[PDB]
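For reference, the structure discussed in these notes is given below.
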Amino acid sequence: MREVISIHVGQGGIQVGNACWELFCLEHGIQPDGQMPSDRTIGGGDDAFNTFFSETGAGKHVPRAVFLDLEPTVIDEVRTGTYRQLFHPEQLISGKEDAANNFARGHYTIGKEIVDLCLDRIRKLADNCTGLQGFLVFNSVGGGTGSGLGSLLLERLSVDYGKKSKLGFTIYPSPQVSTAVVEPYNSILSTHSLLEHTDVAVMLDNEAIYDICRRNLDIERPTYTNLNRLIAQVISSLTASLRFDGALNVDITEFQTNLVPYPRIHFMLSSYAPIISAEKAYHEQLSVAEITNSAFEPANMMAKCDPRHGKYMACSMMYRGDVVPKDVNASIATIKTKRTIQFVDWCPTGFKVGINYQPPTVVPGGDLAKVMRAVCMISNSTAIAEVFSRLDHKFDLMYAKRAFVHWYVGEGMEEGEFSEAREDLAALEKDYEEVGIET
Amino acid sequence: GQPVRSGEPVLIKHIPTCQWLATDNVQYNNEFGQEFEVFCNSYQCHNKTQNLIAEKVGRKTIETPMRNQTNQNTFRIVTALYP
Amino acid sequence: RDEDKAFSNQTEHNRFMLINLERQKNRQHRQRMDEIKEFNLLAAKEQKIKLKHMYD
Amino acid sequence: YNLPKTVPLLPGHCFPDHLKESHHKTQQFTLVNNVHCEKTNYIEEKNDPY
Amino acid sequence: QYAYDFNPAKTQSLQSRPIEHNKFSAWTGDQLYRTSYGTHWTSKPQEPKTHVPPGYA
Amino acid sequence: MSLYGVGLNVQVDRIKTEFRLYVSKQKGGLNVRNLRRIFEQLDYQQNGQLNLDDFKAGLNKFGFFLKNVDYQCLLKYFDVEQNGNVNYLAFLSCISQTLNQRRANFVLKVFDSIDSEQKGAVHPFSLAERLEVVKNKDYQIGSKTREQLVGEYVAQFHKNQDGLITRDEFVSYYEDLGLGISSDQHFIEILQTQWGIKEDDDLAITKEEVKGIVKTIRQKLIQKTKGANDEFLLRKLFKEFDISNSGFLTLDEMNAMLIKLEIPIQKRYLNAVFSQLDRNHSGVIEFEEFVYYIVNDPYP
Amino acid sequence: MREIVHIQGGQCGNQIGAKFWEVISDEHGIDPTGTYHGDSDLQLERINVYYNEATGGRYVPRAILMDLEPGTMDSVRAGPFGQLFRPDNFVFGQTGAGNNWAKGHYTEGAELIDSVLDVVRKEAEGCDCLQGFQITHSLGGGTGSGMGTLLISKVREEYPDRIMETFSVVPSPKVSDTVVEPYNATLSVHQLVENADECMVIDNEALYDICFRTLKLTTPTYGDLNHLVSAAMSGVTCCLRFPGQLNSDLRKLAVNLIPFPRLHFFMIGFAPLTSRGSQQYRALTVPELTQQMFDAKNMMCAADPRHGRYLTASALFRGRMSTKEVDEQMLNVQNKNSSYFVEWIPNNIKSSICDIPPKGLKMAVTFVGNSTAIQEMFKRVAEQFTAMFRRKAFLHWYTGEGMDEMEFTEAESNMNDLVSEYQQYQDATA
Amino acid sequence: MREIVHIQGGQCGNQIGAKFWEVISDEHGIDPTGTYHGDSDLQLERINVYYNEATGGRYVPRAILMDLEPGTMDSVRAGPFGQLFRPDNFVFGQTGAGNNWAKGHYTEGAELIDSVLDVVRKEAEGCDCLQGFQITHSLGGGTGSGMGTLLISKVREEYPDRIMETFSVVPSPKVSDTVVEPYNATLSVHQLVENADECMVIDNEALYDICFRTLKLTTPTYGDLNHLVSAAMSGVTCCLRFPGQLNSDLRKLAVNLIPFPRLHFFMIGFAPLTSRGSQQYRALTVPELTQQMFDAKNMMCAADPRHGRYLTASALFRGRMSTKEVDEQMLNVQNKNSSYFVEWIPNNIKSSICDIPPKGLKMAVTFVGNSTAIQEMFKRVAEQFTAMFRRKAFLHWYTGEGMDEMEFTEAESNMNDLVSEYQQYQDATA
Ligand SMILES: Nc1nc2c(ncn2[C@@H]2O[C@H](COP(=O)(O)OP(=O)(O)OP(=O)(O)O)[C@@H](O)[C@H]2O)c(=O)[nH]1
Ligand SMILES: Nc1nc2c(ncn2[C@@H]2O[C@H](COP(=O)(O)OP(=O)(O)O)[C@@H](O)[C@H]2O)c(=O)[nH]1
Ligand SMILES: Nc1nc2c(ncn2[C@@H]2O[C@H](COP(=O)(O)OP(=O)(O)O)[C@@H](O)[C@H]2O)c(=O)[nH]1
Ligand SMILES: [Mg+2]
């Protein structure tokens, strides 16, 4: 009776969903058909899969997920790919025309004919769940239907359900690495839209992950499959407490109650440790003291942001494996003593710890090593203010000459949205500054 | 508390002294030709092990030995071949 | 009889210490074996992904 | 004498062990229609010609 | 020597211990035994009547 | 009281001490042999097994009462086959002493005095003759029905198939009587008054007396000549009279030798130190060992 | 006769209750299936204090387990000794608390507590002559610190004559387990000081210190911590279950321990505790027991006793021991450390004796003492609360459920006045 | 019953302490396990002097092992007889002194001595009637000198009435181990004069001379050297543990050896000493023992007593003997060598008799005397100190942690008065 429903919108969400859902299938022992292995013959079947999977009454399991996209290419791959018979046929919604990197296209003119279909499917899944903890969403901010539909769905969910917790794993554009040209335009438009509609947001830009794989996994030419495997591991550790018993359990609802000092301050960046290949795993002892220090390294963060340039407001970390309450306490005390890491003055108590017993699982054909301990750390800091400023500068550079705006204003949106969205972002930039100064 | 078998290498130690019976290549002269000497000494390894810090943390305990020995303390009981 | 009670009762503590020490010695042996277990698979997978990196 | 065959539990002598193959949690308690309910495990019979 | 055991006296669960069988009338050796008379001279159910006096209704 | 582990041994020891204390205090007509002759009536089938109720009833009849919990411990300890019934034979097997050596010495010599014809068995009337003679000076040898009239002083014992009592039971009955009485002097006085026989060793040389004697020997030597000497002096007597040059010392030679150096030890005292000094028990002691013990010994 | 019902909530409460019930079952010789298998008669006379009776001769504890989420309840049901609790004593919600005092005390616990109040009313009416209640919960958590405190309040106006006992795991800032812990801690303390009859503070730092420096075991676990807590719990009430030279129940303990009604916060400690590798050198004597009793590092709280003065103290001894030895040791330790005891009360130590030691041991003791040194914890919690409340960070989460800052201000003022009056008696002289 | 506790400081103290406990255990027949297996009952009557009773009837020594670095104590624990010492009696740090007096007395000793001070306070509390202390350490080391002498100051303040003994091994300048010897030797003496009831000076040169010349050992080792010290240590308190014709404890020796409180520096000797090849040819008698007792080559110090006057002396006799020869031997040696005895105290010799000789010997004698010839050892120490101090060599290490040159001036200043005090009480005549 602890169910979470995940939303995957856009190509970034769907390709993350493929890697995310192959891990859950292997973790809980489900074959690509939704059926348990034919031989099996153990008995005492444990229904820990109810968090993500649903029983059909006799036979297969159907995930509690929905996929949205306007281009039919990626969905048709899923419907033809390895897991064709896993997902329900009518929970894979596909459009006919792409958004074409335009926020207005997927928010005003063509996104209104699909949003009705998804809300019907969401209601059916939610009515099935009896202990729904909340929603998870996966979207790419620098995209058309990723930010268009993603903003529209979040707005609709706010009035349809309300107090239900919603978590957001957005993918912000890299500081210098870029695939498109108009990312800053729809980055702010989406961020302003989801500013008052999401509860917790996690930054998942790409350049940070590229650096991590090169530095740690000794991979000189990574691909998107490698990146989506790392992100899925973050999700698994994040929700591992709802299906595996531990010494100290944590819940989805006990994240937005501790990491959010104020309603407008809910942006945070994540870190994971140990992200290590077996080259260096054969040598390191990988103690709990060592892993908890490596989680605080700025080079190990999942977002292109330096915490050394700002203060820490709150940090939450989850341990899974064979950790002991002795060494978690001892190592945490050392972190507080360290001068290189500092907290804001009005927050003397600044941690939350969760302990789980299940060691992380390993995916065949994967890149990570098999370990006994792991930690996932979600911290809210003031240093996120720099990513908005750098993203703001590029927008102001284009918007001076009103470039590319005819591609937007002719698709149902008014000219005034650009100013107010920029206006809203400007207030937030030094809003993080006001909270970070001493009393 | 386990039975002692005849033939395998064993250790003989004195209880008031905790010193293992030993014999080395030390010459001695007597009417019965040339023979060596028998004494008591613990031929332990020279390398030291941080046992005290292990005890305070709680990793090892005193009765379990920590330092190896040299084969000069090894003795074997030999019995008759035929009944 | 008081002398007998002292000897009879202290013997319980003697057995008591042996049980704990023996089982604690057992636990470390199992846990150490699990550390050998991890590096067993990791050693194979190093020689594994080495060939995979050459292609593709 | 009569020495105990097994160690008795004491404030620091139980020592739970958690080195299992899989640490899975079973959902035995469920709240449906604002009514408490639990699974009927440890009670099932199998068959007979009765 | 050995760890700590939970179950004493080796009490096997009745789940696997034999099978249900016809003893449902174990208590009902005195179940149709009313007590208005009875428990005054006898403790077991009274025999079926063979004779009745006038006005037995 | 929390008879989890060793507690079974402690509580049953407490019960045994309490029973011994009770019986010794009353000291009178009650006897441990009286208890065993009560059980078999409740035993019925002579199986040797009794339930908790019958066991409690029998003990209460004797006049012994314990806690309600204390009865549980006895049953738990003495129900060896776990049939729910105590073993009174095992219970009476315990709480029974082996009798002191001095008491055994006195009981054996009385039996020897009675049995002057050395068969090891004594006719019942021969005993009863003595018990009646000591009780009065005017009983006279002859009686009308003397055998049956005087046999009531006896038959507290038991006789074998032949009809005579054995030495084994004669001691066995008296050691049973040795539980109601816990005073050695009172036991000896009772036996001697009953049997008209009062013969026993006066005493035995104690460790304190031996230490005093040996300290007297070692101190007397030091007064002679000087510190480095007196070893030659001690060896000189052996040189003067040890003709066979074997190097062994005898009790007669040691006595005479100690007579020479103004030390007249009593024969009983000299025997005690002689016996303590040697452990081979052939009556001969090496002179080197003797001089070592006398001179070069750190402890008194 | 004078039975007590056990009610508990929260994750920590559920775990502590599970360990305590396992310890009690072992002590009374109850198998996991619930059938009595004791060997002595003394283990059956007073079983009615903690265990009820059902058909077939089995015993079920009068325990009530409550939580807004069934996670820990589900975890504890499948464990050993989990079949003793009847299914009707399990009450659970559907949403959860989220480490929020407001959610656990006003919007969810308030609407859910009707069923558990019905259950506790049924148990209290079923018992012959109730002696009191006892609580195990955590102040730093949401559902525990809210629902348990509200239930304490309600049962307090409903039964104004029965005794109250609590076992509160007060948070320590060294283990900042929850960033919103000061609000919950101060609100729970403000609620608790108004109704709770006895309070015993337990700190994870103190438990870690015990398990690391005394027991010397390499891998501490919450199992061991809960075992320590459960041993401390059973020590205080052993005398209520077993005979002894001097009998003392919870009412007598309170009578001989609490000087003033607002001063009802204590620290507990259990002896003897020794390592496996060092047990062969120590002895088993009452002087050794009492010298380990008063050791500062042996306490189960962060408060250090030699920084303050022992107002009152009480000891509950288990095993066969001598009144001479125990009271002479008490008098000697009282005389030699006159600076550590307040002056205007002579003989501020109570002695209690029980003849039944814990299984596998020959002597034991439990120490409960009211010392003025606990104000350090209150001062630290209050200073963190006021520092974090000056900016009123995280306050919107609590305000969203209709709460007002006037209650926060009143709770802080009550805590400050408690600290002031509690410090005043430290310097008080005759 | 008048038991004494043992404190072992420094690397030398650990090595001296190891061999000393081996001899005492041998003298009482104690196995390394801890179970008594003696031959006579007298070996058990006074076992409480050095050993505490534990579970199972085993005995544990009441000795505290102290050092900043555990490297030295690490080797002794693993070797033979490493099992007697209770693990709670070992205290160690993480850095080490490194032959720096101030570092082991101001920086590291200050923050570490709290632990050891608590342990020794517990030991002195456990004993019914403490008789005195004894300390074995080195004045040429860092941990032995600095933290070792500081603990003497603290316990002196807490226990101002009990007697204290120190077996100080002041290193000699003929061959030296530490180049900073004069500094930490001088400062220790300044702190030791006003707190130590007695001083027992031991020199390495005398130990080497005895082995080569008296024992004729071609390859002596520290094991042999430690045994000679250990043999004398047990002989000092032999009469306290065993019966005898005349009884004398440590306090009685203090009364008859110290005319003025500042004159408490003794020098020791032990007799008899012979090689294996000469045991048969030598007859042991009282005239033979007293001849070797007063021989200058026998004494434990490099200072020659023939260059001064014996202020007082004391002789302890072990073994059964009469009293007339002992009384007259002390009288005759006093008359014939009257030039070596100061006049204003008549009959300045103390005699005691114990009737339990050491194992392997029939008679033994321990000699302790107060002679003015000990001032010569102070003279050369001051000679080396001022030669190094005038250039301020190695001074940056001492003054790098708050020590000031003002301390050095008084340390040497106090030494001059002691040297002058001995000289004035060497030529004065009635
Ligand atoms: N990290 C990561 N990012 C991805 C992945 N796939 C797509 N993206 C992100 O998606 C952004 C562009 O959006 P698209 O891939 O075109 O998909 P979209 O978000 O639905 O946008 P549309 O093309 O308008 O439908 C790129 O900037 C990428 O950062 C992926 O597999 N991993
Ligand atoms: N001693 C002990 N403390 C525990 C245990 N479980 C949890 N805790 C403590 O409880 C705190 C968290 O309480 P929480 O779970 O939020 O309480 P809840 O909200 O009422 O369920 C942590 O700081 C832990 O230190 C346990 O089994 N033993
Ligand atoms: N008599 C004796 N002296 C020793 C022994 N071991 C070392 N020493 C002396 O101790 C001196 C060195 O002392 P040191 O170790 O620096 O003292 P610490 O710094 O206080 O530990 C050397 O001059 C040695 O002569 C021993 O076993 N016996
Ligand atoms: Mg696209």
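Line by line, the protein sequences are chains LK, 0N, 2W, 6R, 3A, 4C, LN and KN. Read the first sequence against the deposited numbering and you will find it ends at 439, with the numbers running on by one and no gaps. Read the second sequence against the deposited numbering and you will find it ends at 280, with the numbers running on by one and no gaps. Read the third sequence against the deposited numbering and you will find it ends at 280, with the numbers running on by one and no gaps. Read the fourth sequence against the deposited numbering and you will find it ends at 52, with the numbers running on by one and no gaps. Read the fifth sequence against the deposited numbering and you will find it ends at 59, with the numbers running on by one and no gaps. Read the sixth sequence against the deposited numbering and you will find it ends at 300, with the numbers running on by one and no gaps. Read the seventh sequence against the deposited numbering and you will find it ends at 430, with the numbers running on by one and no gaps. Read the eighth sequence against the deposited numbering and you will find it ends at 430, with the numbers running on by one and no gaps. Positions of the beta carbon are idealized from the N, C-alpha and C atoms, including for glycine.
Let me check one thing: in DSSP terms, what residues is residue i bridge-paired to?
i	result
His8 (chain LK)	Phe67 (chain LK), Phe138 (chain LK)
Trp217 (chain 0N)	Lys210 (chain 0N)
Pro61 (chain KN)	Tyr51 (chain KN)
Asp67 (chain LN)	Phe92 (chain LN)
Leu249 (chain 4C)	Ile285 (chain 4C)
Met267 (chain KN)	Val201 (chain KN), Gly369 (chain KN)
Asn380 (chain LK)	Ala314 (chain LK)
In chain 6R, what lies closer than 7 Å to residue i by C-beta?
i	result
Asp245 (chain LK)	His25, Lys27
Are the CB atoms of residue i and residue j nearer to each other than 8 Å?
i	j	result
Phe418 (chain LK)	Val405 (chain LK)	yes
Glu415 (chain LK)	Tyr108 (chain LK)	no
residue 468 (chain LN)	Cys347 (chain LK)	Beyond the ends of chain LN as shown, which are 1 and 430, falls residue 468 (chain LN); an answer cannot be given.
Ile212 (chain LK)	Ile276 (chain LK)	no
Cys239 (chain KN)	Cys354 (chain KN)	yes
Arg46 (chain KN)	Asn248 (chain 0N)	no
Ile374 (chain KN)	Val169 (chain KN)	no
Round the Cβ separation of residue i and residue j to the nearest angstrom and send it over; I've been treating them as touching at under 8 Å.
i	j	result
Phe287 (chain 4C)	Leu249 (chain 4C)	5 Å
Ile222 (chain 4C)	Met415 (chain KN)	Not confirmed; about 49 Å, so no contact.
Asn296 (chain 4C)	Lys362 (chain KN)	6 Å
In chain 2W, which residues lie with their C-beta within 9 Å of the C-beta of residue i?
i	result
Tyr282 (chain LK)	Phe263, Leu266, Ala267, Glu270
For a contact meaning CB atoms closer than 9 Å, what does residue i contact in chain KN?
i	result
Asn238 (chain 2W)	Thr55, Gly56
Is it the case that the CB of residue i approaches a heavy atom of ligand 5 more closely than 7 Å?
i	result
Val387 (chain LK)	Of the ligands one can find in the structure shown, namely ligand 1, ligand 2, ligand 3 and ligand 4, none is ligand 5.
Which residues in chain 4C sit within 8 Å of residue i, going by Cβ to Cβ distance?
i	result
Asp228 (chain 2W)	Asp13
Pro6 (chain 6R)	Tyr4, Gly5
List, from N- to C-terminal side, the beta strand (DSSP E) runs of 3 residues or more that fit wholly inside the region 198–229 of chain KN. Every beta strand (DSSP E) stretch that sits fully inside the region 198–229 of chain KN and reaches 3 residues is listed by chain position as 199–202.
Quick check for students: name the residue ranges of the alpha helix (DSSP H) that lie wholly in the region 76–101 of chain 4C, counting only runs of 4 or more. 88–93
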